[PDB]
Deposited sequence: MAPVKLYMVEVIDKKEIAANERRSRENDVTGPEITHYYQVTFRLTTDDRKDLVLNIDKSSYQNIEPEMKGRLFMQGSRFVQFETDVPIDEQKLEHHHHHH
């Protein structure tokens, strides 16, 4: 599959320590377009910390896998 772009807004963010066994960094990205859709994705620790609720940016997915999130920072 190819890397697809999704215009979205950050609604959730939380760590899940599902059982010792696994730890998870999940964030809920809700589609910003008309098509009502939320993407509850498993993402990396690092990317997780730089993401904050209410951020609106571009979500890059490789099918069902999180590739990157680029917020629309305040400037210009």
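A.B. asks: Deposited sequence versus model: which ranges have no CA atoms?
C.D. replies: No coordinates exist for the deposited residues in 1, 21 to 32, 90 to 100, so these stretches are absent from the model.
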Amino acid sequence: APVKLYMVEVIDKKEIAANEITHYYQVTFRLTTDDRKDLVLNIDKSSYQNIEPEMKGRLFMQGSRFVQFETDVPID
From here on, numbers count along this sequence of modelled residues.
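A.B. asks: Given the B-factors recorded for C-alpha atoms, which segment has the greater mean, 58 to 66 or 20 to 28?
C.D. replies: That would be 20 to 28.
A.B. asks: Pull the Cα B-factor of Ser46 out of the PDB entry and bin it into the chain's lowest, middle or highest third.
C.D. replies: Within its chain, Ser46 is a lowest-third residue by C-alpha B-factor, going by the deposited values.
A.B. asks: When the modelled residues of the chain are sorted by Cα temperature factor, does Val8 land in the lowest, middle or highest third?
C.D. replies: Its C-alpha B-factor, which the entry lists for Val8, ranks in the lowest third among residues of this chain.
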